[PDB]
Amino acid sequence: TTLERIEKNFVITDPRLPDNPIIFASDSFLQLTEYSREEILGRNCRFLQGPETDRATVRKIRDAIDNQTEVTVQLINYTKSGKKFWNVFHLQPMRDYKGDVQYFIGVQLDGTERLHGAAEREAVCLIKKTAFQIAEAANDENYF
Ligand SMILES: Cc1cc2nc3c(=O)[nH]c(=O)nc-3n(C[C@H](O)[C@H](O)[C@H](O)COP(=O)(O)O)c2cc1C
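So, how was this worked out
Residues numbered from 1 in each chain as written, not as in the entry; some residues may be left out. Heavy atoms only, no water. 1 Å grid on protein atoms, 1.4 Å probe; cavity = no way out; pocket = protein on both sides within 12 Å on 5 of 7 lines; lining within 4 Å. Points joined across faces, edges and corners; volume = space filled by probe spheres on them. Nonpolar A, V, L, I, M, F, W, Y, C, P; charged D, E, K, R; others polar. Helix = DSSP H or I, 4+ residues; strand = E, 2+ residues; numbered from the N terminus. Buried < 20%, exposed > 50% of the residue type's maximum accessible area, 1.4 Å probe, protein only. Near = heavy atom within 4 Å. Polar contact = N/O pair within 3.5 Å; in protein donor to acceptor, adjacent residues only side chain to side chain. Areas by Shrake-Rupley, 256 points an atom, 1.4 Å probe, with all protein chains shown as cover. Sits in = over half its atoms within 2 Å of the grid points. Contact = heavy atoms within 4.5 Å.

Draft legend 1. Representation of the layout of surface pockets in the model. By volume, the largest pocket amounts to about 380 Å³. Taken together, 21 residues make up the lining of the largest pocket; nearest its centre are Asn44, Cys45, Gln49, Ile61 and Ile65. Residue composition of the lining of the largest pocket, by class: 11 nonpolar, eight polar and two charged. In this structure, the second largest pocket spans a volume of roughly 160 Å³. Every residue lining the second largest pocket is listed: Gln92, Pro93, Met94, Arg95, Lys128, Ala131, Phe132, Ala135, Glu136 and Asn139. Secondary-structure elements contributing two or more residues to the lining of the second largest pocket are β4 (84-95) and α4 (117-140). Residue contributions to the lining of the second largest pocket peak at six residues, all from α4. Grouping the constituent residues of the lining of the second largest pocket by class yields five nonpolar, two polar and three charged.

Below you can see the structure in the form of structure tokens.
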């Protein structure tokens, strides 16, 4: 139940810094994407995007960041070696006591296909629970 013990794909970014960089990436995220921490810490997550990534879906994420709201989408992402995967992606802002966004949590559920129906429902339920758990752990450890 510790932040570093959560065995899920996620990053935490700081939108009060230039270009909303990654300030924490989970071990699972590194294994999934094949990047190491000296490669992606302090960088924006958009390195996951590539030729087949749908630009309109990316705009939805952009808008949600600009508006400081949550969002859930499915989109194609790329590992460092350039292999494609489908990503059910959930963005969850982390607000302090007065409602200022301190960080964004980003959770990735990787797969080989875009999901529909009950399988999409399941995936979305899962990543939204994971984001809740991350937010609680980070706060309980005064991690950031
Ligand atoms: C916490 C967080 C996690 C993100 N995770 C992903 C991701 O897993 N895959 C992806 O394609 N974009 C992800 N993004 C989106 C990019 O960082 C960026 O916000 C998006 O591409 C839109 O901004 P842009 O138009 O400048 O590229 C994430 C953003 C944040 C803030």
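The discussion continues.
Draft legend 2. Structural detail: unusual backbone geometry. Backbone geometry places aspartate 19, a non-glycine residue, at a positive phi of 65°. Take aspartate 19: it is sitting in the loop between β1 (9-13) and β2 (22-25). In this structure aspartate 19 comes out as partly exposed when scored by relative accessible area, which is 47%. Although it is not a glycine, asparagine 142 adopts a positive phi angle of roughly 40°. By the element assignment, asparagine 142 lies in the segment after α4.

Draft legend 3. View of the site of the ligand. What surrounds the ligand is a group of 21 residues, the closest being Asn20, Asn44, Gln49, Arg62 and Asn77. At 2.6 Å from an oxygen atom of the ligand is found a side-chain nitrogen or oxygen belonging to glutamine 49. Protein chains shield 91% of the accessible area of the ligand, which is 630 Å² for the free molecule. The cavity that encloses the ligand is the largest pocket. Contributions of two or more residues to the shell around the ligand are made by β1, α3 (55-67), β3 (71-78), β4 and β5 (101-111). Its residues placed into classes, the shell around the ligand shows 11 nonpolar, eight polar and two charged.

Draft legend 4. Expanded view of the environment of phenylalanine 85. By secondary structure assignment, the location of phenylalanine 85 is in strand β4. The class of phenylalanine 85 is buried, set by a relative accessible area of 9%. Excluding its chain neighbours within four sequence positions, the residues that come into contact with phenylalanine 85 are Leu32, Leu75, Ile76, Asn77, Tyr78, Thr79, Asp110 and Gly111.

Read these as layout, nothing more, since geometry by itself doesn't imply function.
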